[PDB]
Structures are given as C-alpha cells and as structure tokens.
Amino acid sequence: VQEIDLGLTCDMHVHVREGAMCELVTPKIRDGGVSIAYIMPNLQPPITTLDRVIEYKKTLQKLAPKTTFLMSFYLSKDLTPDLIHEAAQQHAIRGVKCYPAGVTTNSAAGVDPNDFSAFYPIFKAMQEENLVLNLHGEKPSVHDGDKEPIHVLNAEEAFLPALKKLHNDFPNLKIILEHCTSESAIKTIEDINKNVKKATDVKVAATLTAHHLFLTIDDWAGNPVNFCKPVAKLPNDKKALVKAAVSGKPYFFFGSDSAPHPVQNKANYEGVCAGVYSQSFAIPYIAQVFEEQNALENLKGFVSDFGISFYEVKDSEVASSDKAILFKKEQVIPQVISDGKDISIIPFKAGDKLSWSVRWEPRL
C-alpha cells in the first residue's frame, strides 16, 4: 500500500483537559499521528501561574513520553510582564492565548477585544521574549444599537480589525489567528502576508482545524456533536478554508482544536458545550481532504513544515524523533472513544470510513 513520510507532525491547537479526561486523550495525540502538540490553557481555573504550567506539562509528559509539548498561558489581567519574562526564560511557555469573554468554553473571564490596550505590557514582554500571541478571533456578540450587530456568523469577520491593529502596534510579535472559519479571515491573512518571501518572514499566521475542512452550518444545525467555536459557516467559507489548507503557503498550518467533552455534555437541551473531538484520527482526517483535492504533495508542509518553522521547534527539544508515516489502509471511525470507566467521547465523523492510517517509524 502507498505510504507518505510526514516526518515530525504538528498539531498547534490541542485541548487535553485535566483529570481522567486528560489521561484518556493525551495518549491519543501520538495515536492520531501527531508528534508535537501546542497545549491550550483554558482549564478551570485557567493557567496564569508558572507552577501550574510547569506541573501541567510534566503531567502530560508522564501520560505520553514520546510527545513534544509546547505550553501557553491564558491571557489574564493576572499576568504581569515580569511573569512573562520569567516563564519565557525558563522555557515554561511558548505563547499566550487570548479568549474574548463569553465566546467559547472557559472564556469568561477572558478579555474584551475592542480594547487589548490593557494588555500591551504583556505583549511587549512577549515580543521581547519571542513568544507567540494566539487569538480566538471572535468579537463578543452584541445585538442592540448602535453599531452593526455581532452574531456567531460574523463575529470572526468583526474581529479582523483588532487583528490588524495588533499587527500594526507590534510588528515583530508572532501572532496566530486560531482556527479560521471564514473566507474574509483567509483573505486578511493572505493580505497581511503579501510581501513575504520565504517562510521565516511570516509574523502573522492562521491555523485550520480538521473539522472546518468538512462542516458547514447544515452539519451542526440539529447536531450538537458538530457544534464548535467558531461555528462552521457557509459552503463558500468551507471552500476558501480547504483552498488555503492545500495552498502550500507558509502562513496556514494545521491546528485541530480538538476539544473533548464527555457525551453527556453534548446531549443537553440547553448550554451544549462547544467543541469537536478529532485527536484520535487527526492526520487521517486531513489526509482525506488533501487526497480529495489532489494535493497530497502539500500535506507535509501543512501538518509539519510550516508549524515547526513558525514556532521554531528545535530538534533538541523534540521528545521523540520517530516519524509519522501515512499508509493507505482503510479504517472505520469508532462510535465512541471511551476509557472504560466514566468517560465516553463521540469522535468526529463517528462511523465513517477513512482511506488512510498512521504508524510510526524510527529515523536515520
């Protein structure tokens, strides 16, 4: 069967929770074909302290010794520039993640984004320390006057001026618009990068999830298992995301936003938790998309080369040098991912067939 050497794969947007959920999902990073994971910090309470983020990573490394973990802080008024310099000097974080208040799980108390001024001391310190600023780029919803109303469909577009102003005010800060979902955002990222030759000049990039390469509004209208933030939008948005994924441009790379929830948190009649679980088959999901687009030769850049370059992942921090190999053996997504105890998760595209599987190969 056909095979594709993908090398050291990167998922630069991972949720792994705590407790028994973390013990279930953290080994699945490797199982899904991912060597390097960027760990998001929206725990309860958020990660805003150095000892917390040190312990968390060590807990993850214990659960999965072959996986390379890049950590983050949650953007909070609790952060100080001193805490940034210290954490960055100790290699305890690689970036800081911004959640606008109220917009997704564990996002209030995050921040309001027609502002960001109050966090300029933090960004300054991050810029100095070469830390990445990650953005859940959605403006909070507003329906009354005066302005044009903000809702789950235009909230990403409405965020794009904040993105531009941040890039303007901090031209040397690395910034990521996480999990892009709209055509408008894709074009904004390309227009920000119009003068870029060679990958190493990219200062603003965007990540793309597996599930937004498949879903539109119709897939989650009536199916909480497909409901996430930002919400999957219109077919034209989906087309633009897939084109960007297969484009070979260095400012689009893979981040799953795999966000696990126990099934009973998805089958609520009110307050469904947002989040789609894709960790267990992360790279096969993507392979499905690159195959259907006749773009397999661009797979390696999207799930490996470009994320490593943007984050400057050194071989010396890599926990395992095994390479992820895709091999074209068909498989069936299970109905549930379970720990055999109190946790069942519905995986993305549960029940469906995937053309590809992943295995691991020693280097040299």
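So that the term is clear: the rigid core is the largest set of C-alpha atoms that superpose within 1.5 Å between two forms. Throughout, we count residues from 1 along the sequence that is shown.
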With the rigid core as the fit anchor, does 140-148 or 176-184 show bigger C-alpha shifts in 6 other deposited structures of this protein?
140-148
Which stretch is less alike in 6 other deposited structures of this protein, 108-116 or 213-221, counting RMS CA distance after the rigid core is superposed?
108-116
Between 236-244 and 185-193, which has the higher average C-alpha B-factor in the PDB entry?
185-193
154-162 versus 95-103 - which carries the larger mean C-alpha B factor in the record
95-103
Max C-alpha B-factor within the set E138, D218, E148, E291 falls on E148
For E55, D322, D31, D305, the deposited C-alpha B-factor is largest at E55
Chain thirds by Cα B factor, record data; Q89 belongs to the highest
Third of chain Cα B-factors occupied by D342:
highest
Looking at the C-alpha B-factor of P45, is it in the lowest, middle or highest third of its chain?
highest
Split into thirds by Cα B-factor across the chain's modelled residues, where does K203 land: lowest, middle or highest?
middle
Taking the values exactly as deposited, rank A350 by C-alpha B-factor within its chain and report the matching third: lowest, middle or highest.
middle
